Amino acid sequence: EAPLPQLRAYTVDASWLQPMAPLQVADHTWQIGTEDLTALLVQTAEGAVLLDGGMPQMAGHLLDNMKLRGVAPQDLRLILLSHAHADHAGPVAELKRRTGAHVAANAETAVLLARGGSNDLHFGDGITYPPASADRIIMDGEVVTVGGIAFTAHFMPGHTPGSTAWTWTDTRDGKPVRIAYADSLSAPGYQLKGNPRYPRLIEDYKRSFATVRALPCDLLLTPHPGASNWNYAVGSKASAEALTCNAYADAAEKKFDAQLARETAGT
């Protein structure tokens, strides 16, 4: 008779695991992840900040790219996160061990991070990663500063309860560039209506679309670059087709509304 099933690993498209060399986004800001997963390094006079790490197996690659940018492991001061899913916060535990960086995150992200993504509201235990602890709990609108560069958190719950957009002002050609690293707005296979683990899910998504629309936003980036129409693999032309924050929110809301109607129609 049938044995219980084997555990199944969280697998992803090859391009999500495809290393790339550092790609400059603005004067201090570099994409140092893979072709299809964002990991942003911001370099200051007093150390580096990392926003997202991608998948768990990307830890070594990120350190290699940091070294290419002149950042030794001990020079990484701070890790910030969009949300605590395996494909964005995957390597946080290993990075903390190997760099001495601290993690700052809101309470929702902190508790999910500390479970390693287990008991996810929608995924259960299917998509997990090594747990990590948040060292600083931040609140909506709170400013985290490293080397004079100020990062502001904007809560946009939905994709996870702790979903966060991070904004900061870099420069390029002597002009300020307000960067918005806006979190995911997808609801992949989620039950949207009457979800007992997330009763106000629809209300949170709706508010989060409005939050993204209003972000200070000269240049938008997203945890999955295709969501904001970036193409990291083409190098200097990677940002050419990037969406505004307005267009990113609009596309996400239209997709959400269609999914909601399909759920009412049983599919």
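When you see a residue number, it is the position in the sequence shown, counting from 1. For clarity, a rigid core is taken as the largest C-alpha set superposing within 1.5 Å between two forms.
- In 9 other deposited structures of this protein, superposed by the rigid core, the C-alpha atoms of 172-180 lie farther from the shown form than the other of 105-113 and 172-180.
- Stretches compared: 34-42, 237-245. Higher mean C-alpha B-factor in the entry: 237-245.
- A summary of the deposited B-factors shows that, of 228-236 and 204-212, the stretch with the larger mean C-alpha value is 228-236.
- In the PDB entry, a CA B factor belonging to the highest third of its chain's modelled residues is recorded for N65.
- Split the chain's modelled residues into thirds by C-alpha temperature factor. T160 is in the lowest one.
- When the modelled residues of the chain are ordered by C-alpha B-factor, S133 sits in the highest third.
- Sort the chain's modelled residues by C-alpha temperature factor and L220 lands in the middle third, per the entry.
- Among the modelled residues of its chain, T171 has a C-alpha B-factor that falls in the highest third according to the deposited record.
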